[PDB]
Every structure is written in C-alpha cells, then in structure tokens.
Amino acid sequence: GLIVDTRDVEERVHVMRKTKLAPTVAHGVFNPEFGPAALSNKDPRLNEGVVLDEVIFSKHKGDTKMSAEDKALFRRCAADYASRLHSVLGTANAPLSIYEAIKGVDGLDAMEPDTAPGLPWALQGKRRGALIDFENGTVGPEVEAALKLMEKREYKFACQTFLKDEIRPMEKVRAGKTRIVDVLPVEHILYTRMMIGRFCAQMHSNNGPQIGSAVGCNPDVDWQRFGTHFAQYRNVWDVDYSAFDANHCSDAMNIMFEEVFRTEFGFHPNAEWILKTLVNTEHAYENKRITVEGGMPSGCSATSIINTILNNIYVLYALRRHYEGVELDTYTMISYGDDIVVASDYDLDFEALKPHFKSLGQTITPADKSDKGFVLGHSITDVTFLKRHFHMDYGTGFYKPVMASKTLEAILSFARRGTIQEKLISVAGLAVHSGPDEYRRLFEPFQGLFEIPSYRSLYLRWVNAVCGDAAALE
C-alpha cells in the first residue's frame, strides 16, 4: 500500500530474535538452496550492506487510485460475483453469537487457543487466555469493553508486526526478503468472524471452481474433484502476482466490501465497517510506528477469504476491461488467497491483461518462469496450485498433489529441535505422492534414527480418502 508517514515514537516492540529452525541430518545430504529468513537486521548472511527494515516494507510501492469509470466497472464485477456467490451460499450469512465466534461452527474452525494477542496486550504483557476464556466461550475484562466500543463504532486499533521465521530460497534469504505478519488485536479478529464467521463457514463448505474458492479444502482428496473439472478446458493459466496482498488499492478493497457484504444478503451493517477498518492501518515495528493506506494486512482472520474474493473479482474486472461481454461462465477459476488457476475455452490473452490488472495495481506474470510470456494451450498438468502439481496417479487414475522434490527436501532440511519425529510424519503425508522411489530417497537418511511410515501404510490411507469405495471395490 502507501506509507503516509514513517515515525519514531515512545515505546519499542521487541521482535528481534533468532531462528528456531535448525539443520537436520537431511541437510547434510541434499544441501538445499534454502534457508531461514533474516531475523536480525545484522544477520551474518544479509547480502552485503542491505538493511532488513529497508527491504521488508519496500512492498508498499504505493496505492493505485482509480478512474470513476474503472471504479464503476469493479463495482459491477463485484455486484456480479458477490451475486453468484451468495446465490450458492444462501443468505445464511447472519452474525455469530459470542460463543460461536470462539468455538466455531460447522465448518469454521475454533479460534486459536493462544497465539500473539497483539496490541496493546503485549506492551502490557499477557496471553489471550489471560483475557478471554478460550476453554469457556466468552469474553473478559477489557474484552467486552473493546467489544462495545466496537459495537458503537468507536473502536480503533493498531497492527502489531511480526517476522516470518520460515524457510526461504537462499536467494531471497540474502536479499533480506523476510516476510512480515501483521498480527492484529485479538478482539478485532473476534468481532470479524462475529460479523462474517457464518459467511466464512459456508465459504469453506462449498469450496470449488464454482464460487472460485479453495479455502477450507483438503488438497489430499479435493485434488480429484479439482483435477477433473479443469481437464475439460482448452487453456489453463498459472498466474503470479507480486505482493498481491500489499497492492490491493484502497478503492478496490472499499468497493469489494461494500458490494459483497450488504445487509441485502443478511449481513450486519457493521460487517462493511469492520472490513473497511482494514484499509488504513498503523503498524508497530519495534520503536517505529507506521501508517499504511491500502493493501490488506496478512495476519487478520478471513484474510485468505478476502484475498480470494478479491482475486476472483480481479479476473472478471480485468477481462471485461479488454473483452466483449465477458460473463462469469466465460471462464472458470479457483484461488486460495493469491494462488490462482484460471481456465477458459476461449483463447484469452493474459499478456494483454497486464495493464488492466495494473489499473488495480496488480502486476501479473506467468508461474513457470519460462520466457515470461503468457502462452496458451497449457493444461492441468503444467500449473502448480498451493505448491502442489496435478499428477495423474498411474495406479488409480485419480489425481494426486505432488510437491517438487527439491521443495520437499527443503522442508526436511530444517526443523526446530525435537519436532523432527512428528514433522517427519506430517511431511511424509505430503511426500507419498512423489512415488515410492522418491519417498524412500527423501527419507533414506533417517532410518535407525526415526519412525518412517511405510510407503504402503500411507498410500492405502490416501486411497480411502479420495474414494473410500475404491479401496474396498479393489
């Protein structure tokens, strides 16, 4: 988005720290071009002389303002998508009773028991459980207060800013491209799902090429569902954005909320508000406290949904801004946050869409970095969604998600002390689709040191998930 002022005031939020990820026995075998993100502005590997802070906030290249016409077009693309959305989700998007907004409902998972409470709960020292009784299902001291200042529309907050302790490609590592996570005051999160937690519930439940959402899916089995649907079309695109979240122009966000969360659909008239509050944000990075217009903060709940909705509107907006009478049925797509896959029998020219996406402030580019030219013909077995490729299972004919071996090795090369054993299991689930040989190889350097799930043990478990009958009938 756009920085309106970089200031230094009073306190200092200590986010400075080390990485807890650590090389495993695997690292000394695969030696991945991957490594932990720079967490200290003086990290020994920072490519010569570059500042951490400098890089981190350099994604806010500004906030694209739109022409009254482009606006009206977006508002039309929203009124159309938001239509076909609720028309399939029903208007069961009413609010949530406090209790539900904590324990979740059929679909929506229960709020996070205890993770970074945000501001001002930290410049005060204490947990979420130390404010809200998570075991119970209701508020607390300052909680119900904030809850009412919000209820009356008085509430205003500040976004805490975290650092992403994660594995990244050695290049981006040295470039100092450590990602940040705006962790908001937990009451804001609570009221958000109280406003649209029911909307999100249905969202998760009906994920698919229909509503164009992937949020709430289980890639391990929904890959068959998805795979087949995208096997009908002529062309398949694997679009790629640059800081998708950070570049959502103020006008886009404000207009999307307005059109997608109307009381006309059963929402509360404070849905539009609580969402509009996400536009102009204040971020506290140590002693620094910055004001950021535009762009959506990656950290708040519903983030993936909001981004998905956006991503869907952008595709309709962009196309109409170049084609003749484009309708939602002209194409088909499905996105998860910013990750996206589009399909259409028409031979659309995404290369001619860079501008129309630019009008929104989104720089689009093809995934497979080859000749960076939006080519055609591409099929389901070229694109990569959620870092998982669509592979035909030569054993059951069903599709299975395969992560590039390299990328997998990276996951196995770094693990915080002692978690190895449980991760090796989790990660093992992801690697079973790389075949039996690559499975063995990816874990080969672990035998006699840990419990490696037999290749059979997992294949069979996956089989009775993609199609429970297919397991018995065979």
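Counting begins at 1, following the sequence as shown.
For the pair 351-359 and 137-145, the mean Cα B-factor is higher in 137-145.
As the entry records it, the average C-alpha temperature factor is higher for 391-399, out of 391-399 and 305-313. Across the residues 223, 241, 285, 336, the deposited record lists the maximum Cα B factor for 285. Sort the modelled residues of the chain by CA B factor and residue 248 lands in the lowest third. Per-chain ranking of the deposited C-alpha B factor places residue 41 in the highest third. In the PDB entry, residue 293 places in the middle third of its chain by CA B-factor.
The entry lists a Cα temperature factor for residue 429 that places it in the lowest third of the chain's modelled residues. When the modelled residues of the chain are ordered by their C-alpha B factor, residue 65 lands in the lowest third.
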